Amino acid sequence: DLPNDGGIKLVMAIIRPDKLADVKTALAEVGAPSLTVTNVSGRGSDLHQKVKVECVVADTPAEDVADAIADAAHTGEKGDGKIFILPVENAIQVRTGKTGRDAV
Amino acid sequence: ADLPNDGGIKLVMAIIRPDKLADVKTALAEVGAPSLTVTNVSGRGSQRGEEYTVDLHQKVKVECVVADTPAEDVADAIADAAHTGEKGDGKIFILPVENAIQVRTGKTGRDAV
Amino acid sequence: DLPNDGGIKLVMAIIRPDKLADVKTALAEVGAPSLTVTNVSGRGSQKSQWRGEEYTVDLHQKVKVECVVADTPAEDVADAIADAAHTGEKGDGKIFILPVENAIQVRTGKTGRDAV
Ligand SMILES: Nc1ncnc2c1ncn2[C@@H]1O[C@H](COP(=O)(O)OP(=O)(O)OP(=O)(O)O)[C@@H](O)[C@H]1O
Ligand SMILES: Nc1ncnc2c1ncn2[C@@H]1O[C@H](COP(=O)(O)OP(=O)(O)OP(=O)(O)O)[C@@H](O)[C@H]1O
Ligand SMILES: Nc1ncnc2c1ncn2[C@@H]1O[C@H](COP(=O)(O)OP(=O)(O)OP(=O)(O)O)[C@@H](O)[C@H]1O
């Protein structure tokens, strides 16, 4: 009975640069340590420096990964950022050539 | 009720000219969806020398996640502001978003955007 | 009879920085040369406490390649990138294919799969 309804999701988080370390630890602890980080800038509702964290998940429920990031990135002040979950159709593991959720 | 984006969430991703960022920012504010995330990127589009075949040109990736504003209106606002009429103007893509979380409050779904 | 079931897909690849040149060539050869590149860093899946410490603090430099496709099957684009980026060692990265609903060509105002 597979998480993410047997499929693959991209968890994209825009967070405070100084919260990256915590988020990395939280991802490891939740059992989905894989991430890709980009230096970015933006604004919510003159651009502020942020970090975009991307985690593609299959074995771990996307919401649990997102909640792990949210908790670790939370301060309670404006600028904490947002997390978005996008569908992923397919994945390929470059080293092996394995496909689908098994490649994640 | 008639919520835009069929009651859901969309990611508007635009690859534009670096010097068009200021205009795009203004256009986004004016259309009522000012939120954006910017990345410095490089790329090339479709097919003598190396200029328009192999080399990568500096661009800006603009990402806007929307719910209250129709994705197409946000995309049109970016397109208009980024337009010059010359090769290199870039492209805008709209991707589905399933779910969202506002980190400060823990609010979820379309309300988080 | 249109590829990608008549629709649009985003091919996202996280690869070794030194494999970018090869991937660019492979994309041209497969007939879908369009790409957007970002400098990124990350880590993959998880004995000693030092190599365990190096994991929890250290991110490795990678390149994110993004190709939005319509006329070329997303899998063929992904396979072209995979082949060119392959070394057989840990760190080779991964390729993800995401659905795309719509696209706008900024220059012309053309929309849909035709804008890709
Ligand atoms: N809808 C969105 N689309 C794209 N990027 C966003 C969006 N919302 C937030 N971001 C990114 O997250 C960063 C901070 O977001 P945040 O929501 O904290 O802004 P804010 O104006 O402080 O809002 P709030 O007061 O509700 O926290 C922004 O700099 C931006 O890069
Ligand atoms: N299918 C695509 N996938 C990813 N990025 C793209 C794609 N098409 C365009 N881009 C981005 O847009 C930037 C420039 O715009 P574009 O490539 O559309 O102009 P062009 O193709 O050179 O000219 P024209 O669109 O008039 O043929 C490129 O540097 C690239 O980063
Ligand atoms: N699930 C994922 N989500 C986001 N990014 C990922 C994911 N998996 C891998 N990456 C990106 O790809 C890069 C290399 O990944 P790769 O999977 O080759 O590392 P690895 O897990 O050590 O190798 P292997 O998969 O062969 O065990 C990482 O640095 C990371 O940025």
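We number chain A the way Swiss-Prot does; in order, the residues shown are 5-49, 65-123.
Keep in mind that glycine also has a Cβ here, set from the backbone N, Cα and C atoms.
These come from Swiss-Prot:
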type	residues	note
BINDING	A:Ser38, A:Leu39, A:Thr40, A:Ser49, A:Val75, A:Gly98, A:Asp99, A:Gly100, A:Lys101, A:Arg114	ATP binding site
BINDING	A:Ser49, A:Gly98, A:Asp99, A:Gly100, A:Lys101	ADP binding site
BINDING	A:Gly98, A:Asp99, A:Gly100, A:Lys101	AMP binding site
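Those binding-site residues from A:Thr40, A:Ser49, A:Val75, A:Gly100 lying by chain C, with Cβ under 8 Å from one of its Cβ atoms, are A:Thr40, A:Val75.
Within the set of binding-site residues A:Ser49, A:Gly98, A:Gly100, the entry lying nearest in space to A:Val75 (ATP binding site) is A:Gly100 (CA atoms). Taking 8 Å as the upper bound (exclusive) on CB-CB distance to chain B, the binding-site residues A:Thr40, A:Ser49, A:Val75, A:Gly100 give A:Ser49, A:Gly100 in sequence order. For the binding-site residues A:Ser38, A:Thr40, A:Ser49, counting C-beta atoms within 10 A of each C-beta gives the highest total at A:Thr40.
Secondary structure at A:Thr40 (ATP binding site), as computed by DSSP, is strand. Secondary structure at A:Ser49 (ADP binding site), as computed by DSSP, is coil. Proximity to ligand 1 at the level of Cβ atoms, with a cut-off under 6 angstroms, picks out A:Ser49, A:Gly100 from the binding-site residues A:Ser38, A:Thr40, A:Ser49, A:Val75, A:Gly100. Around A:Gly98 (ADP binding site), the same-chain residues six or more apart in sequence whose CB sits under 8 Å from its CB are A:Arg20, A:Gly48, A:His67, listed in sequence order. All protein chains considered, the CB of A:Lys101 (ATP binding site) has 23 other CB atoms within 10 Å. Among the binding-site residues A:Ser38, A:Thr40, A:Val75, A:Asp99, A:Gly100, A:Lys101, the residues whose Cβ lies under 6 Å from any atom of ligand 3 are, in sequence order, A:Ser38, A:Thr40, A:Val75. The Cβ of A:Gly100 (ADP binding site) lies under 8 Å from the Cβ of A:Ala17, A:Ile18, A:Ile19, A:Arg20, A:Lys69, A:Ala92, each of which sits 6+ residues away along the same chain. Looking only at other Cβ atoms within 10 Å, the busiest spot among the binding-site residues A:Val75, A:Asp99 turns out to be A:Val75.
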